[PDB]
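*Asks:* Protein chains in written order, with PDB author numbering: chain q, 1 to 459; chain s, 201 to 249.
All C-beta atoms, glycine included, are put in the ideal place defined by N, C-alpha and C.
(1) So with CB distances below 8 Å, who are the chain s contacts of residue 168/q?
(2) Residues in the same chain with beta-carbon distance under 7 Å from residue 248/s, minus the five sequence neighbours each way, listed in chain order, please.
(3) Would you mind telling me which residues of chain s sit closer than 7 Å to residue 114/q, beta carbon to beta carbon, in chain order?
(4) State yes or no: is the beta carbon of residue 55/q nearer than 8 Å to at least one beta carbon in chain s?
(5) Strictly below 9 Å CB to CB, what residues from chain s border residue 158/q?
(6) Is it a yes or a no for the region 125-142 of chain q touching the region 84-103 of chain q, going by three-plus beta-carbon pairs under 8 Å?
(7) Taking all protein chains shown into account, decide if residue 209/s is buried (16 or more other Cβ within 10 angstroms of its Cβ) or exposed.
(8) Does any residue of chain s bring its CB to less than 8 Å from the CB of residue 117/q?
(9) Using 10 angstroms around the beta-carbon of residue 297/q, count the other beta-carbons present and answer buried if the total reaches 16, otherwise exposed.
(10) When the distance is taken between beta carbons, is residue 67/q closer than 8 Å to residue 39/q?
(11) Can you find a CB in chain s that lies within less than 8 Å of the CB of residue 174/q?
(12) Give the C-beta separation of residue 447/q and residue 454/q to the nearest angstrom, bearing in mind that I take them to be a contact with Cβ-Cβ under 8 Å.
(13) Would you mind working out which of 235/q, 340/q, 316/q, 266/q sits nearest residue 388/q, comparing C-alpha positions?
(14) Measuring alpha carbon to alpha carbon, tell me which of 234/q, 276/q, 245/q, 199/q ends up nearest residue 179/q.
(15) What's the gap between the Cα of residue 314/q and the Cα of residue 283/q?
(16) In terms of DSSP beta bridges, what is residue 341/q paired with?
(17) Taking contact to mean at least 3 C-beta pairs separated by less than 8 Å, is the region 115-123 of chain q in contact with the region 65-81 of chain q?
(18) According to DSSP, is residue 56/q helix, strand or coil?
(19) Out of 21/q, 56/q, 101/q, point me to the one whose CA is closest to residue 9/q's CA.
(20) For residue 204/q, count the other beta carbons within 10 Å of its own beta carbon; 16 or more makes it buried, fewer makes it exposed. Which is it?
(21) In this structure, how does DSSP classify residue 114/q when only helix, strand and coil are distinguished?
(22) Run the CB neighbour count on residue 139/q, radius 10 Å, all protein chains shown included, and call it buried at 16 or more, exposed below.
(23) Mind checking whether the beta-carbon of residue 314/q lies closer than 7 Å to any heavy atom of the ligand SAH?
(24) I'd like the span of the alpha helix (DSSP H) that includes residue 406/q, first residue to last.
(25) Relative to the alpha-carbon of residue 7/q, which residue among 214/q, 32/q, 21/q has its alpha-carbon at the smallest distance?
(26) Whole beta strand (DSSP E) runs in the region 253-310 of chain q with 3 or more residues, listed along the chain?
(27) Do residue 380/q and residue 311/q have their CB atoms nearer than 8 Å?
(28) If you count every other CB in all the chains shown that lies within 10 Å of the CB of residue 170/q, and 16 or more means buried, which is it?
(29) Please report the Cβ distance between residue 125/q and residue 110/q, rounded to the nearest whole angstrom; I am assuming they are in contact, meaning their Cβ atoms lie under 8 Å.
(30) Look at the Cβ atom of residue 303/q, then the Cβ atom of residue 384/q, and state whether they are nearer than 8 Å.
(31) With 16 other CB atoms within 10 Å as the buried threshold, where does residue 205/s fall?
(32) Tell me residue 94/q's beta-bridge partners as DSSP assigns them.
(33) By a C-beta neighbour count over all protein chains shown, 10 Å radius and 16 as the cutoff for buried, is residue 249/q buried or exposed?
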């Protein structure tokens with residue numbers, strides 16, 4: 001795995017010693033090269049995970065996420081070039097280093113074999129994210145958003161730390177392989193119930209769950225474009241990955257303890273999508289759509305059926321790409337109009353046609369237009385829930401309807417109607433912005449061709 | 201001269217246990233054979249060495 005980790009580390013000295021005119025260029029080049037190298041990990045075995053060493057391993061769950069992170073870094077740099085263009089060289093290098101550190105941490109999280117190592121790194125991801133949000137945010141709510149995000153995540157994580165150490169003391173090892181081979185069923189004792197809660201709540205906080213999702217709107221809206229990209233593309237999937245890993249030692253208590261969270265998420269998807277319907281901020285709308293799409297994954301993980309897990313992995317990858325793209329488009333519009341009010345800018349389709357096409361394709365992916373991987377994951381989760389209970393189809397179909405409604409509503413309000421007259425600073429789309437949108441869309445549509453790669457280890 | 205420590209050739213037997221002390225407890229096992237490297241090093245969570 002060091003074939004990916006070591007170059008990622010070597011990015012930092014390069015960025016620090018790169019010329020002020022070559023910082024972005026060098027970073028983008030070598031980040032793309034690192035993504036190319038990470039592509040090799042997709043060759044997962046049929047049964048055994050790719051155990052590179054005692055500390056790092058990968059499976060058909062970890063590899064897509066690793067590729068996603070290594071691919072997301074260059075696009076984040078490209079997006080960050082615009083607003084961080086009047087910054088001093090040292091601070092620009094600092095931002096690049098924060099992004100690189102975040103990518104390195106995420107790689108190690110997705111490859112860590114030891115559960116406590118995963119906890120350490122997955123909670124280490126907070127520091128770069130917090131710094132990015134609080135320092136390079138544009139509004140005054142950035143400080144409160146960072147506080148909310150950090151405190152939510154820590155309040156979830158600390159009981160998880162206690163529980164993990166308890167497991168290490170009792171079982172003797174926290175290695176995923178040993179934990180899976182030496183799995184022992186949990187009883188219904190209150191101690192086991194609280195252990196299950198401690199092991200689940202942290203990941204429930206990580207991937208916004210209705211009731212504990214209050215941090216996400218603030219974080220996504222206040223954070224800079226790159227920060228929002230990671231927040232909505234990988235940092236949320238951290239919760240899903242950790243939950244799928246930790247559910248191995250949380251059975252059969254999951255059957256009894258899932259009902260609260262299952263109902264919370266099944267109603268939360270509807271609630272959040274309805275909230276999207278009546279939103280005035282573009283980034284807030286995108287964030288709430290993310291909340292709903294992640295609630296789908298939460299349901300899938302809780303049900304613990306093989307189809308559910310496959311759909312969960314596919315949905316995670318698809319949502320990462322789509323949400324990052326949506327935030328990038330909103331960022332371009334925001335940079336041009338210097339406001340996040342959705343109704344402020346209207347009829348942008350006339351002024352910017354190609355960006356409007358990008359908007360259309362992104363919204364289509366958001367509403368899970370067949371045969372996009374978004375639809376593949378959503379349909380798999382829907383079928384798994386239908387097997388769990390036939391009544392689920394009601395809420396699932398209603399959520400699909402509301403998602404389509406609010407996505408098309410966003411497209412109509414922004415990229416349709418009479419153009420706003422006073423807004424005269426809408427210049428033609430830059431090549432960089434179009435390239436960013438293309439590098440978000442094309443991989444997803446290509447992934448639809450060979451979904452087996454992103455269908456998880458249960459394929 | 202009266203302050204000089206003198207020898208006394210008594211016939212009374214020397215008390216075997218003048219303090220009437222109880223049997224002293226057995227000492228703990230003392231040391232062992234040689235030192236060898238830790239089986240897998242510092243088996244502290246994720247550390248392999």
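*Replies:* Working from what's here:
(1) Residues of chain s passing the Cβ test: 245.
(2) 241
(3) 245, 246
(4) yes
(5) Ordered by position in chain s, no residue passes the 9 Å Cβ test against residue 158/q, which lies about 17 Å from the chain.
(6) yes
(7) exposed
(8) yes
(9) buried
(10) Contact flag set, yes.
(11) yes
(12) Your pair residue 447/q and residue 454/q checks out as a contact, with CB atoms roughly 6 Å apart and the cut at 8 Å.
(13) 266/q
(14) In terms of Cα proximity to residue 179/q, the closest of 234/q, 276/q, 245/q, 199/q is 245/q.
(15) 24 Å
(16) 281/q
(17) The region 115-123 of chain q vs the region 65-81 of chain q: no contact.
(18) strand
(19) Among 21/q, 56/q, 101/q, the Cα nearest to that of residue 9/q belongs to 101/q.
(20) buried
(21) Here residue 114/q sits in strand by DSSP.
(22) Residue 139/q counts as exposed, since fewer than 16 other beta carbons sit within 10 angstroms of its beta carbon.
(23) With respect to the ligand SAH, the structure shown offers nothing to examine, as it has no ligands at all.
(24) 392-415
(25) 32/q
(26) Within the region 253-310 of chain q, not a single complete beta strand (DSSP E) segment reaches 3 residues in length.
(27) yes
(28) exposed
(29) About 11 Å; that fails the 8 Å criterion.
(30) The answer is yes: Cβ separation under 8 Å.
(31) Per the 10 Å Cβ criterion, exposed.
(32) Per DSSP, none; premise fails for residue 94/q.
(33) Flag for residue 249/q reads buried.
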